[PDB]
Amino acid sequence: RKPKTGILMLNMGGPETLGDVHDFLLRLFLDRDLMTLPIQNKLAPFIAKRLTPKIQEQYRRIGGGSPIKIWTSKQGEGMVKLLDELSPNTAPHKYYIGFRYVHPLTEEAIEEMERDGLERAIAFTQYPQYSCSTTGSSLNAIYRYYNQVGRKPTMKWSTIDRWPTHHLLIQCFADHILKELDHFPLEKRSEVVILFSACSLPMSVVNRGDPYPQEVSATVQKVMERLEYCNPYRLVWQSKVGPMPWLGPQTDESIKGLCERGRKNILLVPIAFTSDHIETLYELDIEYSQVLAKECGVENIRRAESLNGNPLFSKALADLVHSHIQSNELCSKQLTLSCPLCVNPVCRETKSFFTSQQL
């Protein structure tokens, strides 16, 4: 009955209600692994307070809050149900949600995992493609937690730090793309252009050696091969913010560019997310698909459904955990290599934390 193997599902997280926005932002601007700012401890709360109204407004526009926790919970529960049958030797399994910037925080989840007296602890990132700003930050949080609490872990840790091409992940994306293509008018099906849209990164980050771009590209290639290249495509990036240079082409500019060039039937695909969030429900669905799309004269613009509750996805999660357990992997080979230009000293410490785990 008592849990033996815990699977900590890592994700940035998102505010559940408009009221959670302020703290979400605050924790986010306080994260050194994400950004360094002068008098950060004083500025952060300030920047959070001023951005709060604008961000709360974005969440109001999609219903009043993020569904991330609901979808994560459902995927986790489905995963556990399967794991108990897949790996009896490591059962019972229990999933824990460790959101980086909102409750339940990564730290709270770890505290709970230790209290449950687990034997196994698997840091399972929910970002298929690795970025030092996403998965890396979550992994650093785990290392820092123990380093700050001043005491070693009581469970054997390991991580599934990336999985950009897991065959079931690719199948889920391909299936969702195909069913969405079936939603376009029959006459336009073959004319549709697929825009794979992933979260962009500042060029300063890309230039230090971030693995993200290459991995996202890998996922896209895998999805397209499974679709047998039925339609032309392009990998574009969204969510750029600020005056600094980010990796492009931007998704909004691409949509606008495509229309002005006669390609008015577009299928957007959130290729770097496993569930819905503000980036898909607001940026892609409203900002680009409703507003921008109208101003540009698009004929048809649709978005592949996010993986969310697809039973195949829960199966994907379970297979990954199962394979990870059977291989005795502590982490991917890729995690043993820090960015060539990494300037964050905790990265090497975090890497060692997982590569040095007992058993």
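In this text, residue numbers run from 1 along the sequence as written.
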Query raised in the report: Out of 49-57 and 64-72, which stretch has the higher average CA B-factor listed in the record?
Result: 49-57
Query raised in the report: If you average the CA temperature factors over each stretch, which comes out higher, 146-154 or 123-131?
Result: 146-154
Query raised in the report: When you compare the CA B-factors of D252, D161, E215, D84 as listed in the entry, which one comes out on top?
Result: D84
Requested in this report: Between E225, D175, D210, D116, let me know which has the highest C-alpha B-factor in the entry?
Outcome: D116
Requested in this report: Taking the values exactly as deposited, rank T165 by C-alpha B-factor within its chain and report the matching third: lowest, middle or highest.
Outcome: lowest
Query - Modelled-residue ranking by C-alpha temperature factor, third containing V343 - result: highest
Report task. Comparing against every modelled residue in the chain, figure out the third that the C-alpha B-factor of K333 lands in (lowest, middle or highest). Result -> lowest
**Report entry** CA B-factor placement of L28, once the chain's modelled residues are sorted into thirds
**Finding:** highest
Query raised in the report: In terms of the CA temperature factor given in the entry, to which third of its chain does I301 belong: lowest, middle or highest?
Result: lowest
